[PDB]
Every structure is written in structure tokens, then in C-alpha cells.
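Reading through the C-alpha cells given below for one structure.
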Number of protein chains: 4
Amino acid sequence: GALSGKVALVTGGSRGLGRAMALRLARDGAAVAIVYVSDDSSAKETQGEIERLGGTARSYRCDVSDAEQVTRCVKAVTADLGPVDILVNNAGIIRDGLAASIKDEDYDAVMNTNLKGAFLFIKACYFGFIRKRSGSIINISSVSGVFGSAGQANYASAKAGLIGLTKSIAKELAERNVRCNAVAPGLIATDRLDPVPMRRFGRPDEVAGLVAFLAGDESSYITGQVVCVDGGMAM
Amino acid sequence: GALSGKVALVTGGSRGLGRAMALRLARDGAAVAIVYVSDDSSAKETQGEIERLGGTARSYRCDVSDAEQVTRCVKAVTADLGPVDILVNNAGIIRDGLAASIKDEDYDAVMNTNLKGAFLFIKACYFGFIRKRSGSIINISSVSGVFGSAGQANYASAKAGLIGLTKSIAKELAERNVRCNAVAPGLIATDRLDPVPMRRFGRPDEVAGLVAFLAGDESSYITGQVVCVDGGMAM
Amino acid sequence: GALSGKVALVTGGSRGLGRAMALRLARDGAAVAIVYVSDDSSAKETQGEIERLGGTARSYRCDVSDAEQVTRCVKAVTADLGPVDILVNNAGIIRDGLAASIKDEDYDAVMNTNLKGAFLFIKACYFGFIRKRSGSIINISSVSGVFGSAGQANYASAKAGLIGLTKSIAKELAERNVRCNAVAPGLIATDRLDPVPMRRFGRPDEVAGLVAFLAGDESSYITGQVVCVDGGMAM
Amino acid sequence: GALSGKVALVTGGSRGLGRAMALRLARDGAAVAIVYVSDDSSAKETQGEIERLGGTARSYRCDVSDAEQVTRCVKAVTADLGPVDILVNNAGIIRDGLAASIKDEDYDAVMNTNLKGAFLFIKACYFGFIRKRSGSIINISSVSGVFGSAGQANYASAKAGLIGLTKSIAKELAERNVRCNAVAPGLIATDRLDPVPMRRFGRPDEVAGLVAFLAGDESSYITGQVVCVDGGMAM
């Protein structure tokens, strides 16, 4: 009871980090829309989880890369739970490999799911955010999006591009009191620690904590920021 | 009741931002030690405030620049409320002017109150933090410490130096599960908005929110970070 | 006579910044390949310029977005002038507008010309660079790619993504002594200054200077960096 | 013959990195003033070196920490070689140790030699720079000043503070066409490589290259920047 029945849309909330985010957001009192590729099993399992502990949630199988199968999905969300106050872009495909083994298949998959998706969902929710004078957009940006990483040029470019998006949107909506920030997780279980000063993996609910903080009113004057959750990895 | 009766030490908690921090930390259920230069009136007024709404607090007039009048103050705190889990370095003097009008008086005042103080308090609390395997150190770093500012070379250098301290400590204590992070407030009332995208000043309790988040268990995997609260100013 | 007859490939060297880069690189004694969309007039005018003052140069009309019409172009370059030592990615389309007026046409044009192109050219030159133990890749990254910009979410995302690419490649090739860096120009004539501390536009040959430095042996231990040429704009 | 007989002042140019800088600056055709603690032997050896290969140079034993024994030194320089166009702050003491073993002796030595010195020399040269409408100030900022380092909290704070100084001065002098930038060297021989992607130490003349570039007219639109020379270490 800290989100006050607001509506959160978590793309790629199917599983893992997104699942922790959806669970957390719901437990703070927000109706969560779970958008996914996706296996429907994990998604309705996530919703069943949110409901089991008394939270409001819905699921939406959507292609985040389609220019607006997204819009269909978004005003479906708006119809079902109401206008979006919180948008979490977590949809993303990983396809590693040296920049010379990288392929258009890999490249465009990664780029469309990790970067384009955010563009299209932000496009969909943009006039609502503005007409409301409130809003918190949270993009998932990888620590490899902050300082790069070998053999992940395609994923890392997508995540860095996501950070650029975050900044530009934040500047774009700042005067209409709509915030946009980025989250840069490091090494996270679940499914090496040398450059990680804390010498341990992170848990998803630790990332979920940061998403929840960025989504609430405690971060009302924070916008355009890139916050790592990496155990100090990319400090 | 979210700090669980832990102990927070807020240097420069006399007034303004520090006061909002002390108030906030206390309201989340932490015994707060208010360390100040300082006018005692505002400090015991802050404590009287914390107490009035049922919080635990003490005041300590200390010179943050003395090499260890600080230590006296710190184990006074430890004697009175207990070992420190949360350390907030907010002590700081501002003395503006073009780098050629800057004076040793100004320079050393700013540098000792804004930078040295943090060094000495971190020195004091350092073995406690380590022996406990827990800890959250929050340094106040100005947005002018992030991208500089004209006519504030002396203050800005102090704040940037504070960010360097933050990083080095975070690396230094990471394996013993002690976090260290920096907060970079922008334009904050109370006592021009063109480079501020949100086109408004910030309120102190908005900065206090970020300090509280960085102090709790929601930021347990965050360390070595520099988070602005500037309305997007230094994004 | 400071490039020693090495071979530089400048995509988008048709005109403007790219033209200044090609001219400069040539004047330091490098055979320059001018790759462009492009109007052929400006390109062969650029080559005619390089030749007029005694430099070696060739032109290549290529689609930087085609997955490898690029490769055809690149081993054309290799056939004509020799293996590439210096790669400058300057190809880029600008299509501004609020993130809700942004269109797939705009979006994919910007993203493919500004980001994908770099991927494909780096792909093409990658084994040459490695087999040689030398190499300097210079990506053009905008200052709007560093801190974002309103109404340029699509361009800014592309440029930030370019910075992520730069980092990942630098890490990827570092051990084989191949450098990769990014250049972030600010406001540049030729064809407002408030956030620009120097209170003036930049000239293209000033950016060209930085490209030339990053291309030579004076920057042999510099890699993975993002250097602004913005009059302090994004400091 | 690329500095055109301008005057460069290199504090801590006694030895090592500073020596490479003084040598390099001189070879590009600049009269170099070698300011040092210092052993006079190495300094006049450096000058003897510059002279041996036909360069103009002078030496000045000065306490960079004295508030203005510095000024005496600076208008000595001005008397001997002429007004300063280039200022390189390289004076610095290193005294490592965990933040709890750090001592006022250590702390103030490091802070005064690494940070205060820059303040005082910039103070001395500031009206000359302004009256001339030209100028390049180069501060040496360590890579540990960029992302911190364990057991070097005191040195790292000094170097980060140096970066803050750089920014503030750059903003402060930008309109009078005086540039200020920072150099962040990584692991440099002469007198472990895991976080260094290039898997090798750097040579001093590689850092000297960057200083020379930042000192000339090739970087005329670059100001307020922090450029690493670390083999990608702090990318």
C-alpha cells in the first residue's frame, strides 16, 4: 500500500528480473500488467503469484518489436486496469558473440527487443503521461551498456542506446512532471565476480527495490539518471 | 518502522538538507545523532522535532575539521545510541568567488568542512562497519561536484573530491558488505532554473527520500554510485 | 606526412564533418576512402580537394545499412588503397521530432545509418585489424548521445548506442592492440549557445583535429574513451 | 616547431610523467619551466635534456603547497621565459593505506600537493590567461580519481577533486577562450594488468602525447573534459 492502486506496465515481466519487478511493484500496491513474448505459463504464474498474495495483475502477450501490436496491448492494459503511471521496459533478447560473428538475425533481434520496444511503449504511453502531469518511466540498462563488454557489442549497444533514450525522454517530458530513469544491473542470479567488489552475484529483488523506488514519489525530483545495481562493478 | 532502530549519524544535520535527512531517517525508525558546528538552537529544535513525533535522537556539537574532536563525538554517539549503521556526511561550508579571488581562509574552510570531515568520520566508524558486515555510508556530493561550476571552484573541488572518496571507500569495504554512495542535489529550496529541465527547485525532503533509500536494505547491492537529485540538471 | 601512407576509411565523408575529417586525415599523409550515400558530386569534390593538395584518395558510394553492400565497398577499398588501419564511422541521418511523432521510417533510417553502419564496417575490417596488431576505430558520437536531447530521442539513442558499441569493441580488441574511441561533437557550423560555455559554435576542422589525434600513434594507449568537442557543453 | 615558442609551466616536471611532459612540450617548440619539490639534480637533468636537443627550458624549486611561494615562482617564470600559455599541474604526493590508517600527515601532504597546488598555480596564471584570450590548463587526474581505488582514498579524493576543479575552471574561463582539461593516466611504467584490457603498462611519452595535444591548437574547442590514458582501464 505505497503505490496507491496506480498502474504499472512491465514489458518482459514474464520471468527473472522482470518477474521480481512485477511482484515488487504489485506488493507496493500497484496493478501490474505483465507483457511478454512469451511463454504464457510463467506469465500467468507471475500473475497467479501477485493474486495469491492479494495483488491486482493482468497478462498480455505482445510483440514489443511490432510497431504497434504494442498499441493494441497498451490500450488493452488501459482498458483493463486504467491509465499507466509507471512504465518498466525490461523486454530484451541476448545473443552474444564477437562483433564479426554477429549476424543480422542476432543484431536486429537484440536491437528491436531491447531498444525499439522501449521506443514503441513510450510512444504509446506518452500523451497519457503528459495529460496527467505525473509519470515514472524505468528503462532497464545493463552495466555492459555503461562501460561496454567484449563479445556483447550487439547487446551492449542496445543497452547504451537505451540510456540515450532515457536521457532524451527525461529532457523531453521534464516540464510536464514525467520522470524517466535507467537501471543498470550487474551480475544477477537467478537464471565471474572479479570485477565485482562485493564478490557476490545480486538477487533480482535487489534490482526490484531500485525499480520500486524509481517508480514511487520518493524519486519525484530524480530524472535522467542511470543507476547501477552491480555491487560496485561499474562504479 | 523501516530502519529497525538502527543508528544514523548525520553531520551538518543542524539545518536545511541535513535537517530533512535527520527527520526522514528518524521517521523510518532510526535513532539519529545530529552533529553540527553549530547553532545549538536549530539542532535541539531538530531533535525536539524528531522526539515530538516519537523518534529517538541526540545532538552533538563537533568540529568536523578537527582530526578527532570527531572521534570524541563518534564514540559519544556510540555510547548514547549504539554502534553506527548509517553515516551521512552533510557538513559543508560554501564560499564562492572566482578562482583568483579565492583565499586560503575560504579554500581551507570549504575543503576541511566538506571533504576532510567525511574522511575523519569514515575513519571513526570504519572498524565498526567492518566488524558488523553491514553499513551504509552516504556522502553529500553537489551537482557542481559532478560537472563543475563557475565561481565555485573551491566548493566544487571539495564535492568532486567527495565523490572520489565515495568510490574509494566503496571499493575498500565492499567485501565486508559495507556500502558507500554519493548524493548530488541540484537547485534546492529552502534557504536559475534554465539548466533544470523540470523548471523548478527541489524540496529537501525529496533529497531526504534518496538518502533514506540509500540507507535501507532496498539498496543492499548498490555501492559506489553517484545519484543526482537535480531535476535532470546534471543528467 | 604523419600518417605514413596508412589507409583511412571515412563513412559519411561526403560532406561537412566527414569532409573535414577526410581532408585532415589526408593532409597527415593517409590514403582516404570516401564512403557516402550519397551525392557523388560532393564526394569527388572532396577527393579532388585531397588530390589538389597532393593527397591520395578514393570514393565509394555504399549503403551503410545494407548488411554487406558494405563488404563489397570495404574490400574494394582494400583492393584500391590497401588494408585499413583507420576507420571513421560518420554516416548518419537526422530526423527529429517528439518521441510520439517518431515513425518507423524515421526511426529505422536513423538507427541503421547511425548505428548499424558502424557495426557492419567494424565487422568488415575486424580480422584485418586483428591480424595487423594495429588499428584505430573512431566512431562519431553526438553530445546528444552523451546526455540526451529533447525531440531527438531517435538520433540520441542511436548515438548513445554508438558509444556502447565503442566500449564493447575496445574491450574486444584491446589485447590485439586495436583501439576504438568515440568523438562527441557539440554545436558545429557549418551547415542556441546558452548551454555552450565558450559561447560559440565549433568549426569542423576542430573536430577533425580530434579524429586525427585519435587516429595516430599519439593515442596508442587511449581506448574506450568518449571525447567531447562541444565547447564544454556536455562536460 | 608546433608550439611556436609559447611558454609551458609543468609543476612536478622533475621526474617520470612530468619529465616526459616537459620533454614532449619542449620538442613541440615550447619554452618549458620545470617546477619541482624537489631534487634539483633530476630537474636540471631534464632541462639539460631539453637543451641538448635544442629546446628552451628553465627550472624552479617551489613549494606548490605554500599559498604563494608559488606566485614568486610564477612571475619568476614570467620574467625568465614570458607569460604562460600552457599550465600542466603534475605535482603530487602518494601515500596509500586503508582509510583508517590514513593520517593527517599523509592526508594533508597528498591533498596540498595534488589539489591545492593546482588551485594556487591557476590563481597565479589566471589574469594572464584572461587578458590573452588564449590558454590551455592541463590537470593530471588519476584513473583512481575517476572510479576510486581501495586503500588510496586520500590520493583518489585529491584526484577527483582535481577533476572538479578542472570542470569549474573550464566553465569559469570558457568565454575568454581559456581551456581547462584533465588527464587520467592508468598503470604507467616507469618507476596488476587484469583490469587493463590492453594487458600492458603505459609509457610516459604516451601520456605526454595527450598533454601535448591538449596544449596545442588542435584541441581549441575541447574544454572541461576528462581523458583517460589507461589502456581502457576506466572506460
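Numbers restart at 1 for each chain; the letters A, B, ... are given by sequence-line order, proteins then strands. As a basis for the values below, the full set of heavy atoms in this structure was taken, side chains included, without hydrogen atoms, waters or symmetry mates.
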Close side-chain approach of [X] and [Y], heavy atoms under 4.5 Å:
| X | Y | result |
| --- | --- | --- |
| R200(B) | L187(B) | no |
| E175(D) | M198(C) | no |
| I137(D) | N89(D) | yes |
| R24(D) | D205(D) | no |
| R58(D) | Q47(D) | yes |
| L115(D) | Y107(B) | yes |
| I140(C) | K159(C) | yes |
| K116(D) | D108(B) | yes |

Under 3.5 Å: donor-acceptor pair, side chain of [X], backbone of [Y]:
| X | Y | answer |
| --- | --- | --- |
| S219(C) | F213(C) | yes |
| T223(D) | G232(C) | no |
| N154(B) | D106(B) | yes |
| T113(D) | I93(D) | yes |
| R133(D) | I130(D) | yes |

Heavy atoms from other residues, nucleotides or ligands near [atom1] of [X] exceed 12 (cutoff 6.0 Å):
| X | atom1 | result |
| --- | --- | --- |
| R95(B) | CZ | yes |
| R27(D) | CZ | no |
| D217(C) | CG | no |

Inset, instruction - Report the C-alpha separation of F121(D) and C73(D) in whole Å, then their side-chain angles, then the decisive distance to 0.1 Å, and conclude whether the side chain to side chain contact (heavy atoms under 4.5 Å, CB included) test is met. - result: CA-CA 9 Å; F121(D) 276 98; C73(D) 163; 4.2 Å; yes

Using 0.5 Å steps for rounding, measure from the [atom1] atom of [X] to the [atom2] atom of [Y].
| X | Y | atom1 | atom2 | result |
| --- | --- | --- | --- | --- |
| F201(B) | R192(B) | CZ | CZ | 9.0 Å |
| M21(D) | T46(D) | CE | OG1 | 13.0 Å |
| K44(D) | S14(D) | NZ | OG | 14.0 Å |
| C228(C) | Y221(D) | SG | OH | 11.0 Å |
| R203(C) | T190(C) | CZ | OG1 | 11.5 Å |
| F147(D) | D230(D) | CZ | CG | 7.5 Å |

Legend entry - Partner of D85(D) by salt bridge (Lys or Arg N to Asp or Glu O under 4.0 Å), out of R131(D), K132(D), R179(D):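 Single salt bridge (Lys or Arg N to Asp or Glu O under 4.0 Å) partner of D85(D) among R131(D), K132(D), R179(D): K132(D).
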
Inset, instruction - Considering only NZ, NE, NH1 and NH2 on the basic side and carboxylate oxygens on the acidic side, decide whether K75(D) and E68(D) come within less than 4.0 Å. - result: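 Salt bridge between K75(D) and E68(D), a charged N being under 4.0 Å from a carboxylate O: no.
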
Legend entry - SB check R15(D) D39(D) (cutoff 4.0 Å):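 Looking at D39(D) together with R15(D), the answer is yes, because their closest N to O distance falls below 4.0 Å.
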
If you look at every heavy atom in [X] and [Y], which pair is closest and at what distance?
| X | Y | answer |
| --- | --- | --- |
| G148(B) | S168(D) | CA-OG, 3.4 Å |
| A212(C) | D28(C) | CB-OD2, 4.0 Å |
| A99(B) | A153(B) | CB-CB, 4.4 Å |
| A30(D) | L3(D) | CB-CD1, 2.7 Å |
| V74(D) | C125(D) | CG1-SG, 4.0 Å |
| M235(C) | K171(D) | SD-CG, 3.6 Å |

Inset, instruction - For side chain to side chain contact (heavy atoms under 4.5 Å, CB included), just list the numbers for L120(D) and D104(B), CA-CA rounded to whole Å, side-chain angles, deciding distance to a tenth of an Å, and then say yes or no. - result: CA-CA 9 Å; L120(D) 299 168; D104(B) 281 25; 4.3 Å; yes

Legend entry - Worked check of side chain to side chain contact (heavy atoms under 4.5 Å, CB included) between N181(D) and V227(D): CA-CA 8 Å; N181(D) 292 283; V227(D) 180; over 6 Å; no

Legend entry - Donor-acceptor side-chain pairing of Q152(C) and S144(C) below 3.5 angstrom: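 Judged by distance alone, the side chains do not pair up.
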
Inset, instruction - Would you please say whether a donor-acceptor pair under 3.5 Å links the side chains of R19(D) and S42(D)? - result: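 Not at all, the side chains of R19(D) and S42(D) share no donor-acceptor pair under 3.5 Å.
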
Inset, instruction - Give the C-alpha distance, both sets of side-chain angles, the deciding distance and a yes or no for side chain to side chain contact (heavy atoms under 4.5 Å, CB included) between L162(B) and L165(B). - result: CA-CA 5 Å; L162(B) 202 53; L165(B) 175 62; 4.0 Å; yes

Inset, instruction - Among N114(B), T166(B), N90(B), find the one that has a side-chain hydrogen bond (donor to acceptor under 3.5 Å, both in side chains) with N139(B). - result: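 Of the listed options, the one satisfying the test is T166(B).
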
